[PDB]
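Everything below belongs to query_15.txt, which stores compact mmCIF, C-alpha atoms and all ligand atoms.
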# COMPACT_ATOMS: atom_id res chain seq x y z
CA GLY A 1 2.30 8.43 -10.58
CA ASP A 2 5.97 7.33 -10.92
CA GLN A 3 7.98 9.09 -8.14
CA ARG A 4 11.74 9.38 -8.97
CA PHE A 5 14.33 8.95 -6.17
CA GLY A 6 17.98 8.79 -7.22
CA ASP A 7 18.03 6.03 -9.84
CA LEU A 8 14.89 4.19 -8.50
CA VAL A 9 11.12 4.63 -9.17
CA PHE A 10 8.36 4.24 -6.56
CA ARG A 11 4.66 4.01 -7.45
CA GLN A 12 1.81 4.00 -4.92
CA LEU A 13 -0.57 1.07 -5.77
CA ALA A 14 -2.96 1.38 -2.72
CA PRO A 15 -3.13 3.53 0.46
CA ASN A 16 -0.60 1.21 2.26
CA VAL A 17 1.33 -0.24 -0.77
CA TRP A 18 4.09 1.07 -3.07
CA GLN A 19 6.04 -0.67 -5.86
CA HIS A 20 9.84 -0.12 -5.84
CA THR A 21 11.63 -0.33 -9.22
CA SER A 22 15.44 -0.61 -9.80
CA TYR A 23 17.33 -0.96 -13.14
CA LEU A 24 20.36 -2.94 -14.41
CA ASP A 25 21.84 -1.93 -17.80
CA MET A 26 22.26 -5.40 -19.43
CA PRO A 27 24.08 -5.57 -22.82
CA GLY A 28 21.70 -6.86 -25.53
CA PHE A 29 18.57 -6.50 -23.25
CA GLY A 30 18.58 -2.74 -22.48
CA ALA A 31 17.75 -1.22 -19.07
CA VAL A 32 15.98 -4.04 -17.14
CA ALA A 33 13.42 -3.05 -14.43
CA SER A 34 13.02 -5.16 -11.27
CA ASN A 35 9.97 -4.56 -8.98
CA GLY A 36 9.30 -5.27 -5.30
CA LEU A 37 6.81 -3.91 -2.75
CA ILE A 38 6.76 -1.60 0.28
CA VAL A 39 3.80 -2.20 2.63
CA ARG A 40 2.87 0.14 5.56
CA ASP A 41 1.16 -1.74 8.49
CA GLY A 42 0.45 -0.05 11.82
CA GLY A 43 3.46 2.20 12.49
CA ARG A 44 5.98 0.14 10.50
CA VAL A 45 7.05 -0.76 6.95
CA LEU A 46 7.54 -4.22 5.39
CA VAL A 47 9.73 -4.73 2.27
CA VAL A 48 9.18 -7.43 -0.38
CA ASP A 49 12.37 -8.07 -2.45
CA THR A 50 15.67 -6.13 -2.55
CA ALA A 51 16.82 -4.10 -5.59
CA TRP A 52 19.46 -5.54 -7.99
CA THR A 53 22.33 -4.08 -5.85
CA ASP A 54 23.25 -3.10 -2.26
CA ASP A 55 23.51 0.61 -3.32
CA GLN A 56 19.99 0.55 -4.87
CA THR A 57 18.55 -1.26 -1.82
CA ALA A 58 20.07 1.45 0.47
CA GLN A 59 18.22 3.96 -1.77
CA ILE A 60 14.90 2.08 -1.04
CA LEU A 61 15.65 2.61 2.71
CA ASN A 62 16.47 6.33 2.10
CA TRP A 63 13.16 6.76 0.15
CA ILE A 64 11.18 5.07 3.00
CA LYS A 65 12.88 7.34 5.62
CA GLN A 66 12.12 10.49 3.59
CA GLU A 67 8.57 9.71 2.31
CA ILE A 68 7.13 7.49 5.15
CA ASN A 69 9.57 7.92 8.14
CA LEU A 70 8.48 4.70 9.91
CA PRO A 71 10.82 1.84 10.89
CA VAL A 72 11.34 -1.09 8.46
CA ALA A 73 10.25 -4.04 10.63
CA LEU A 74 11.33 -6.78 8.18
CA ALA A 75 12.03 -7.73 4.56
CA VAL A 76 11.14 -10.97 2.78
CA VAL A 77 12.67 -11.98 -0.56
CA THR A 78 10.92 -14.14 -3.20
CA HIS A 79 13.92 -16.19 -4.62
CA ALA A 80 17.75 -16.39 -4.63
CA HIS A 81 18.52 -14.43 -7.87
CA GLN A 82 20.29 -11.02 -8.07
CA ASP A 83 17.10 -8.99 -8.92
CA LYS A 84 15.26 -10.03 -5.67
CA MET A 85 18.13 -10.84 -3.20
CA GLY A 86 21.13 -8.82 -4.59
CA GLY A 87 20.82 -6.12 -1.86
CA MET A 88 20.48 -8.33 1.26
CA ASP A 89 23.67 -6.89 2.87
CA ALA A 90 22.20 -3.30 2.65
CA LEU A 91 19.22 -4.53 4.79
CA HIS A 92 21.61 -6.19 7.35
CA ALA A 93 23.81 -3.01 7.44
CA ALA A 94 20.60 -1.07 8.41
CA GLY A 95 19.75 -3.69 11.14
CA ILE A 96 16.55 -4.95 9.33
CA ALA A 97 15.29 -8.50 10.12
CA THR A 98 15.35 -10.52 6.84
CA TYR A 99 13.28 -13.60 5.86
CA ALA A 100 13.39 -16.01 2.93
CA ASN A 101 12.35 -19.53 1.98
CA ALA A 102 14.69 -21.96 3.84
CA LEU A 103 15.74 -23.19 0.31
CA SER A 104 16.66 -19.57 -0.72
CA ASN A 105 18.99 -19.23 2.36
CA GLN A 106 20.59 -22.64 1.49
CA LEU A 107 21.12 -21.59 -2.21
CA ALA A 108 22.16 -17.94 -1.53
CA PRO A 109 25.97 -18.34 -0.95
CA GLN A 110 26.38 -20.51 -4.15
CA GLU A 111 24.30 -17.87 -6.04
CA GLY A 112 26.83 -15.19 -4.90
CA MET A 113 24.08 -13.76 -2.54
CA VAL A 114 23.91 -13.17 1.24
CA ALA A 115 21.35 -15.44 3.03
CA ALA A 116 18.45 -13.84 4.95
CA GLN A 117 18.77 -14.17 8.79
CA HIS A 118 15.40 -16.04 9.13
CA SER A 119 14.19 -19.15 7.22
CA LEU A 120 10.51 -19.64 6.33
CA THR A 121 8.96 -23.12 6.38
CA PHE A 122 5.79 -24.01 4.51
CA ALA A 123 2.93 -26.43 5.26
CA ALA A 124 2.54 -29.41 2.79
CA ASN A 125 -0.14 -27.32 0.96
CA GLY A 126 2.27 -24.34 0.47
CA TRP A 127 1.03 -21.76 3.06
CA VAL A 128 3.84 -20.33 5.31
CA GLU A 129 3.83 -21.71 8.89
CA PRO A 130 2.93 -18.47 10.73
CA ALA A 131 5.37 -19.21 13.62
CA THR A 132 8.23 -18.76 11.06
CA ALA A 133 6.75 -15.43 9.82
CA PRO A 134 6.08 -13.38 12.97
CA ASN A 135 4.78 -9.81 12.65
CA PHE A 136 4.14 -10.25 8.84
CA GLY A 137 0.77 -8.50 9.37
CA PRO A 138 -1.13 -8.39 6.04
CA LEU A 139 1.71 -10.10 4.12
CA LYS A 140 0.33 -13.62 3.25
CA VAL A 141 3.20 -15.86 1.98
CA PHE A 142 2.69 -18.95 -0.24
CA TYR A 143 5.15 -21.50 -1.73
CA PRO A 144 3.41 -22.59 -5.00
CA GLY A 145 5.99 -25.30 -5.85
CA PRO A 146 9.09 -25.16 -8.10
CA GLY A 147 8.77 -22.98 -11.27
CA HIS A 148 11.08 -20.07 -12.22
CA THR A 149 13.32 -21.58 -9.46
CA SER A 150 12.93 -24.43 -6.90
CA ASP A 151 12.79 -21.81 -4.06
CA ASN A 152 10.36 -19.22 -5.58
CA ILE A 153 7.70 -17.85 -3.13
CA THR A 154 4.74 -15.50 -3.61
CA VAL A 155 2.94 -12.90 -1.47
CA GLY A 156 -0.59 -11.47 -1.22
CA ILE A 157 -1.52 -8.34 0.75
CA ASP A 158 -4.62 -8.82 2.97
CA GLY A 159 -7.04 -5.83 2.78
CA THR A 160 -5.99 -5.03 -0.85
CA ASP A 161 -6.68 -6.49 -4.34
CA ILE A 162 -2.87 -7.09 -4.74
CA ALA A 163 -0.82 -10.29 -5.11
CA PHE A 164 2.76 -10.71 -6.32
CA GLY A 165 4.16 -13.83 -8.02
CA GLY A 166 7.63 -12.42 -8.66
CA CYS A 167 9.58 -14.08 -11.51
CA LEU A 168 7.25 -17.19 -11.49
CA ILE A 169 4.68 -15.02 -13.35
CA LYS A 170 5.07 -13.23 -16.74
CA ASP A 171 2.70 -10.45 -17.93
CA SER A 172 -0.14 -11.26 -20.41
CA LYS A 173 2.06 -9.88 -23.34
CA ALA A 174 5.19 -12.02 -22.59
CA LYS A 175 6.86 -13.81 -25.56
CA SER A 176 8.54 -16.41 -23.30
CA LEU A 177 9.03 -17.54 -19.66
CA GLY A 178 12.42 -15.74 -19.81
CA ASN A 179 15.33 -17.21 -17.73
CA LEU A 180 14.77 -21.02 -17.45
CA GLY A 181 18.40 -21.69 -16.34
CA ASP A 182 17.20 -22.58 -12.78
CA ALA A 183 13.60 -23.57 -13.73
CA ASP A 184 11.72 -26.79 -12.90
CA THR A 185 10.18 -27.52 -16.38
CA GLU A 186 8.08 -30.47 -14.98
CA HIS A 187 6.31 -28.53 -12.15
CA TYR A 188 6.27 -24.90 -13.53
CA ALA A 189 2.69 -24.97 -14.91
CA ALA A 190 1.21 -26.48 -11.70
CA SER A 191 3.12 -23.90 -9.55
CA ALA A 192 1.82 -20.95 -11.64
CA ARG A 193 -1.77 -22.25 -11.33
CA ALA A 194 -1.23 -22.92 -7.55
CA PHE A 195 -0.28 -19.20 -7.18
CA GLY A 196 -3.62 -18.22 -8.81
CA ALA A 197 -5.54 -20.67 -6.56
CA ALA A 198 -3.80 -19.30 -3.36
CA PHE A 199 -4.96 -15.68 -4.05
CA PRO A 200 -8.30 -16.08 -5.85
CA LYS A 201 -9.52 -12.53 -4.93
CA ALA A 202 -6.42 -10.66 -6.29
CA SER A 203 -7.36 -8.52 -9.39
CA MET A 204 -4.05 -6.54 -9.49
CA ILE A 205 -1.12 -8.93 -10.14
CA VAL A 206 2.08 -6.96 -9.51
CA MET A 207 4.65 -7.98 -12.17
CA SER A 208 8.34 -8.76 -11.48
CA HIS A 209 9.68 -6.50 -14.33
CA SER A 210 6.71 -4.57 -15.87
CA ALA A 211 3.55 -2.62 -14.85
CA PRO A 212 0.85 -4.45 -12.81
CA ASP A 213 -1.39 -6.80 -14.88
CA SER A 214 -4.76 -8.60 -14.56
CA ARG A 215 -5.16 -12.34 -13.72
CA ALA A 216 -4.62 -12.97 -17.55
CA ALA A 217 -0.87 -12.81 -16.63
CA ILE A 218 -1.29 -16.01 -14.48
CA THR A 219 -3.19 -17.97 -17.19
CA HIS A 220 -0.78 -16.86 -19.98
CA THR A 221 2.15 -17.93 -17.74
CA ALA A 222 0.66 -21.40 -16.92
CA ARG A 223 -0.22 -21.91 -20.65
CA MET A 224 3.43 -21.14 -21.66
CA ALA A 225 4.63 -23.45 -18.78
CA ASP A 226 2.38 -26.26 -20.19
CA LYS A 227 4.66 -26.33 -23.32
CA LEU A 228 7.76 -27.03 -21.08
CA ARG A 229 6.55 -30.55 -20.05
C1 LIG B 1 11.81 -9.24 -17.61
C2 LIG B 1 12.52 -10.14 -18.62
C3 LIG B 1 13.30 -11.30 -18.21
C4 LIG B 1 13.49 -11.64 -16.68
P1 LIG B 1 12.62 -13.18 -16.13
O1 LIG B 1 13.58 -14.42 -16.00
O2 LIG B 1 11.99 -12.89 -14.73
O3 LIG B 1 11.48 -13.50 -17.17
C5 LIG B 1 14.04 -12.13 -19.27
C6 LIG B 1 14.77 -13.21 -18.86
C7 LIG B 1 15.43 -13.94 -19.84
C8 LIG B 1 15.26 -13.56 -21.18
BR1 LIG B 1 16.17 -14.59 -22.47
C9 LIG B 1 14.50 -12.52 -21.65
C10 LIG B 1 13.89 -11.79 -20.64
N1 LIG B 1 13.02 -10.62 -21.04
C11 LIG B 1 12.87 -10.24 -22.48
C12 LIG B 1 14.15 -9.53 -22.95
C13 LIG B 1 13.99 -7.98 -22.58
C14 LIG B 1 13.65 -7.36 -23.78
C15 LIG B 1 14.46 -8.26 -24.90
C16 LIG B 1 14.18 -9.57 -24.55
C17 LIG B 1 12.39 -9.80 -20.03
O4 LIG B 1 11.72 -8.88 -20.35
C1 LIG B 2 19.41 -14.23 -13.36
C2 LIG B 2 19.01 -13.45 -14.61
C3 LIG B 2 17.93 -12.48 -14.56
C4 LIG B 2 17.17 -12.27 -13.23
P1 LIG B 2 15.60 -13.28 -13.16
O1 LIG B 2 15.71 -14.49 -13.98
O2 LIG B 2 15.32 -13.45 -11.70
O3 LIG B 2 14.60 -12.41 -13.78
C5 LIG B 2 17.55 -11.73 -15.80
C6 LIG B 2 16.49 -10.83 -15.73
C7 LIG B 2 16.14 -10.10 -16.87
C8 LIG B 2 16.85 -10.36 -18.04
BR1 LIG B 2 16.32 -9.40 -19.61
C9 LIG B 2 17.87 -11.29 -18.14
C10 LIG B 2 18.25 -11.96 -17.01
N1 LIG B 2 19.39 -12.95 -17.05
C11 LIG B 2 20.15 -13.26 -18.31
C12 LIG B 2 19.31 -14.10 -19.29
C13 LIG B 2 18.93 -15.55 -18.70
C14 LIG B 2 18.78 -16.32 -19.84
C15 LIG B 2 19.92 -15.77 -20.91
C16 LIG B 2 20.27 -14.47 -20.53
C17 LIG B 2 19.76 -13.70 -15.86
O4 LIG B 2 20.65 -14.50 -15.89
ZN ZN B 3 15.08 -15.28 -11.01
ZN ZN B 4 12.72 -12.04 -13.29
Translate the structure described by the file into structure tokens.
Ligand SMILES: Cc1c(CP(=O)(O)O)c2ccc(Br)cc2n(CC2CCCC2)c1=O
Ligand SMILES: Cc1c(CP(=O)(O)O)c2ccc(Br)cc2n(CC2CCCC2)c1=O
Ligand SMILES: [Zn+2]
Ligand SMILES: [Zn+2]
Amino acid sequence: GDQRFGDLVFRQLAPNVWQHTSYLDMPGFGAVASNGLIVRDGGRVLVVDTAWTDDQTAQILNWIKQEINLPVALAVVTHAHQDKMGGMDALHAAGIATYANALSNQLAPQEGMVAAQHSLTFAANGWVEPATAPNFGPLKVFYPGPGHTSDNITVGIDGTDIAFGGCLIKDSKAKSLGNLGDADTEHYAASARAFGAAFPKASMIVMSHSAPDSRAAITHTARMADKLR
């Protein structure tokens, strides 16, 4: 069930996993949802993606304090756009360790964003070098190649059926790939399929802006990306 907390929505997806949802009223597009994850592991919480704003991200922290009451060990963000990185300063104000793709931390200031404190590096084949992602527990992090943005990264949650492509992936009903302003049109299709190949056992694909979808979301996305080349 959708749990309301100030202006945000939280939905439990699995015993240790919640989706956080924040909204931006965007003229001509309506109220736009943005989703991230909250993962409980041991006696701590891990956050995937900020909300659109610092104020909303602070509300994520207030919800975690009230409903879970365990420390937030770290946050990782999936790309340097406002919907996923717009609340980075709220995390730093709360003393949370933050992580992003090295490329995201390089891009962040020009994107009007605050960089994460820690940079991730990726093996040639896209899996995060674990030494750059300490204490990530069940959070498995994978750079699929450039797509929605050059810096986009993806996460799977070990011990669940859940993976999250962020804005790389569109749901199975999408009428476009959306914002291609920062997209790599050459590599998009390959990166979407690489995400599917990295997390072959994931049946619940958490969507960046809509309800969770099946693996049809990944195939629909790569098929739309094929038309970009
Ligand atoms: C969720 C969503 C996005 C965000 P993303 O870049 O991650 O795909 C989006 C982006 C650009 C355009 Br142009 C339309 C979009 N739409 C459709 C609009 C919302 C309803 C009217 C069209 C999205 O839903
Ligand atoms: C940066 C940006 C986002 C965030 P992301 O691309 O990460 O989803 C966005 C998201 C939803 C909608 Br609906 C429009 C959006 N717009 C404006 C549209 C982009 C193409 C024309 C307008 C964003 O700029
Ligand atoms: Zn984006
Ligand atoms: Zn998006």
Select from chain A every residue with an atom at most 9 Å from any atom of ligand ZN 4 (chain B), then for each give the shortest pair of atoms and their distance in Å to one decimal, using all atoms listed in the file, rows by chain and rising number, as CSV.
residue,atom,partner,partner_atom,distance
A:34,CA,B:ZN4,ZN,7.2
A:81,CA,B:ZN4,ZN,8.3
A:83,CA,B:ZN4,ZN,6.9
A:84,CA,B:ZN4,ZN,8.3
A:148,CA,B:ZN4,ZN,8.3
A:166,CA,B:ZN4,ZN,6.9
A:167,CA,B:ZN4,ZN,4.1
A:168,CA,B:ZN4,ZN,7.7
A:169,CA,B:ZN4,ZN,8.6
A:170,CA,B:ZN4,ZN,8.5
A:178,CA,B:ZN4,ZN,7.5
A:179,CA,B:ZN4,ZN,7.3
A:208,CA,B:ZN4,ZN,5.8
A:209,CA,B:ZN4,ZN,6.4
Write out the residues from the selection above, keeping C-alpha atoms, as a short mmCIF file (atom, residue, chain, number, x, y, z; two decimals), in the frame of the given file.
data_model
loop_
_atom_site.label_atom_id
_atom_site.label_comp_id
_atom_site.auth_asym_id
_atom_site.auth_seq_id
_atom_site.Cartn_x
_atom_site.Cartn_y
_atom_site.Cartn_z
CA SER A 34 13.02 -5.16 -11.27
CA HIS A 81 18.52 -14.43 -7.87
CA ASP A 83 17.10 -8.99 -8.92
CA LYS A 84 15.26 -10.03 -5.67
CA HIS A 148 11.08 -20.07 -12.22
CA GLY A 166 7.63 -12.42 -8.66
CA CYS A 167 9.58 -14.08 -11.51
CA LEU A 168 7.25 -17.19 -11.49
CA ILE A 169 4.68 -15.02 -13.35
CA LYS A 170 5.07 -13.23 -16.74
CA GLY A 178 12.42 -15.74 -19.81
CA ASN A 179 15.33 -17.21 -17.73
CA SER A 208 8.34 -8.76 -11.48
CA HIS A 209 9.68 -6.50 -14.33
#
Legend entry - Selection within 12 Å of ligand LIG 1 (chain B) by all atoms listed in the file, output as JSON, numbers by chain: {"A": [23, 24, 25, 26, 27, 28, 29, 30, 31, 32, 33, 34, 35, 78, 79, 81, 82, 83, 84, 147, 148, 149, 152, 165, 166, 167, 168, 169, 170, 171, 173, 174, 175, 176, 177, 178, 179, 180, 181, 182, 183, 207, 208, 209, 210, 211, 221, 224]}
Inset, instruction - Place a sphere of radius 12 Å on (21.7, -20.4, 1.6) in the file coordinates and name every protein, DNA or RNA residue with an atom inside or on its surface, counting only C-alpha atoms; give the answer as a PyMOL selection string. - result: chain A and resi 79-81+85+99-119+151
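Of note, CA of residue 6 (chain A) and CA of residue 60 (chain A) are spaced 9.6 Å apart.
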Legend entry - Of the listed residues A:136, A:188, A:164, A:63, that which approaches residue 76 (chain A) most closely, counting only C-alpha atoms: A:136
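Note that atom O1 of ligand LIG 2 (chain B) and CA of residue 163 (chain A) are 19.2 Å apart.
The residue that comes closest to residue 18 (chain A), out of A:162, A:123, A:97, A:59 and on the basis of all atoms listed in the file, is A:162.
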Legend entry - Shortest interatomic distance to residue 74 (chain A) - which of A:86, A:212, A:196, A:137, counting all atoms listed in the file: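 Of A:86, A:212, A:196, A:137, the one nearest residue 74 (chain A) is A:137, counting all atoms listed in the file.
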Inset, instruction - Could you give me, as a list in words, the residues within 12 Å of residue 126 (chain A), counting all atoms listed in the file and dropping anything in the same chain fewer than 3 positions from it? - result: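 Here the qualifying residues turn out to be residues 101, 120, 121, 122, 123, 129, 130, 140, 141, 142, 143, 144, 145, 146, 151, 152, 153, 154, 155, 191, 194, 195, 197 and 198 of chain A.
Among the candidate residues A:202, A:192, A:68, A:218, the one lying nearest to residue 157 (chain A) is A:202, with distances computed using all atoms listed in the file.
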Legend entry - Close residues, residue 37 (chain A) itself excluded, 10 Å, all atoms listed in the file, min 5 positions apart in chain, as a list in words: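 In the requested form, the answer reads residues 10, 11, 12, 13, 17, 18, 19, 20, 21, 46, 47, 48, 49, 50, 75, 76, 155, 164 and 206 of chain A.
Closest to ligand ZN 3 (chain B) among A:172, A:214, A:150, A:203 is A:150, based on all atoms listed in the file.
Reported to one decimal place, the separation of CA of residue 53 (chain A) from CA of residue 185 (chain A) is 28.4 Å.
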Legend entry - Counting all atoms listed in the file, the residue of A:72, A:228, A:51, A:61 that sits nearest ligand LIG 2 (chain B):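 Closest residue, counting all atoms listed in the file: A:51.
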Please enclose the listed atoms of region 34-41 of chain A in an axis-aligned box, pad each side by 6 Å, and write out the centre and the three edge lengths in Å, rounded to one decimal, as lines of an AutoDock Vina configuration file.
center_x = 7.1
center_y = -2.6
center_z = -1.4
size_x = 23.9
size_y = 17.4
size_z = 31.8
